[PDB]
Amino acid sequence: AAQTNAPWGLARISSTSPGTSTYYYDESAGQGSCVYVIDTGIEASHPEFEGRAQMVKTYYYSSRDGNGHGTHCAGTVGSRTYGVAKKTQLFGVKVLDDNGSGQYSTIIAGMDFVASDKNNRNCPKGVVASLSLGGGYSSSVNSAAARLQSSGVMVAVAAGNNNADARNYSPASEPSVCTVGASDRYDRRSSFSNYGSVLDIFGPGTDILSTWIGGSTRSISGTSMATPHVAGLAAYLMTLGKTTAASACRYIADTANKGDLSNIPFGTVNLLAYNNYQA
């Protein structure tokens with residue numbers, strides 16, 4: 001399948017070269033997979049989600065996304081126009097308030113929730129969790145992310161936005177999950193992207209158009225935007241049967257475009273997520 005005039009990041013993840021604008025993908029499109037977006041919520045009523053999104057947990061007085069960040073990330077995972085995996089099921093877990101803030105205890109609870117809740121959901125092709133959040137190093141946060149991964153969920157986490165080594169951030173620094181840095185449309189490391197040996201992969205993160213609250217759209221930047229590209233890619237590849245939750249991060253690294261990014265610090269992987277689709 002081909003989506004013309006797609007957002008640059010979708011085109012990039014289906015290309016061996018920058019500078020193209022069509023997204024190519026197998027029409028299975030993540031059908032039968034599930035992606036949990038652990039964030040500020042998801043505006044599930046957005047036409048772009050086509051009934052495939054739903055809130056399943058909140059730790060606040062409402063499940064509404066009053067911020068937009070979670071809706072944007074979910075849109076990159078699985079919205080019809082802006083999403084990698086256009087037929088996946090999206091589950092919202094609101095661990096962040098409408099200012100984008102949350103206690104680590106709440107974030108940990110949301111991760112443990114997903115590890116259990118996936119047993120209440122029909123996801124025959126596999127389960128992914130997208131975590132576009134983080135803060136300073138916490139062994140407890142890292143342990144929760146490791147538990148979620150171990151339970152059989154492909155965990156993609158943002159490297160962080162401090163132009164610093166991700167070893168000092170959580171859950172970015174947990175080795176067993178998939179830690180995602182950000183690149184721009186000219187194949188440069190995004191100016192803010194964290195780096196370091198703990199990174200597994202880069203995805204598009206600068207100037208990413210996706211869904212927003214109020215039935216709207218906007219372009220924003222961050223490792224938060226790169227992470228759902230990788231999460232959606234994992235769901236797409238799991239639906240194709242090419243990999244599993246336990247092996248998807250390694251598979252994405254194995255099949256990535258290699259050596260194509262600039263300003264990658266020595267010791268950080270030079271790997272850009274790629275779907276290897278051949279029509």
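For this chain, numbers begin at 1 and follow the sequence in order. Just so you know, these numbers use all the heavy atoms, side chains as well, and skip hydrogens, waters and symmetry mates.
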Are the side chain of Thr239 and the backbone of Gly32 linked by a donor-acceptor contact shorter than 3.5 Å? no

Check: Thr16 and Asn257 side chains under 4.5 Å, non-hydrogen atoms: yes

Pair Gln31, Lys86: side-chain N/O donor-acceptor within cut-off below 3.5 Å: no

Output yes when a side-chain donor or acceptor of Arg52 lies under 3.5 Å from a complementary backbone atom of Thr88, and no otherwise. yes

Does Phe202 offer a backbone N or O that forms a donor-acceptor pair with the side chain of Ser183 under 3.5 Å? no

Does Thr227 use its side chain to pair, donor to acceptor, with the backbone of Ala158 at less than 3.5 Å? yes

Between atom CG of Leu131 and atom OG of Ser170, what is the distance when rounded to the nearest 0.5 Å? 11.5 Å

Sub-3.5 Å donor-acceptor pair from the side chain of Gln278 to the main-chain atoms of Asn276, do we have one? yes

Pair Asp112 + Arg147, salt bridge at N-O below 4.0 Å: yes

Give a yes-or-no answer on whether the side chains of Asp65 and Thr40 include a donor-acceptor pair shorter than 3.5 Å. yes

Close side-chain approach of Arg64 and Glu43, heavy atoms under 4.5 Å: no

Quick one: CG on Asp260 to OH on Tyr274, what's the gap to the nearest 0.5 Å? 11.0 Å

Under 3.5 Å: donor-acceptor pair, side chain of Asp200, backbone of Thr179: yes

Check each of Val84, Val180, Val77 against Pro228 using the side chain to side chain contact (heavy atoms under 4.5 Å, CB included) test, and report the only one that passes. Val77

Hey, is the main chain of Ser190 close enough, under 3.5 Å, to the side chain of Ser193 for a donor-acceptor pair? no

Does a side chain donor of either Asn163 or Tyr195 reach within less than 3.5 Å of an acceptor in the other side chain? no

Do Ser176 and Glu174 meet the criterion of a side-chain donor-acceptor pair at a distance under 3.5 Å? yes

Taking the six-membered ring for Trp, are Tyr36 and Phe91 closer than 6.0 Å centroid to centroid? yes

Take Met111 and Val141 through the side-chain contact (heavy atoms from CB on, under 4.5 Å) test and state the conclusion after the steps. CA-CA 9 Å; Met111 274 195 264; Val141 170; 4.2 Å; yes

Parallel, tilted or perpendicular: rings of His72 and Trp212 (30°, 60°): perpendicular

Contact between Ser224 and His69 at the side-chain level, heavy atoms closer than 4.5 Å - yes or no? yes

If we ignore angles and hydrogens, is there a donor and acceptor under 3.5 Å between the side chains of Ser151 and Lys118? yes

If only side-chain N and O atoms count, and only distance matters, is there a donor-acceptor pair under 3.5 Å linking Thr211 with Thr71? no

Would you tell me whether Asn5 and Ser21 have side-chain atoms, one donor and one acceptor, within less than 3.5 Å of each other? no

Can a donor-acceptor pair be found, under 3.5 Å and without considering hydrogens, that links the side chain of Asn99 to the backbone of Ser101? no

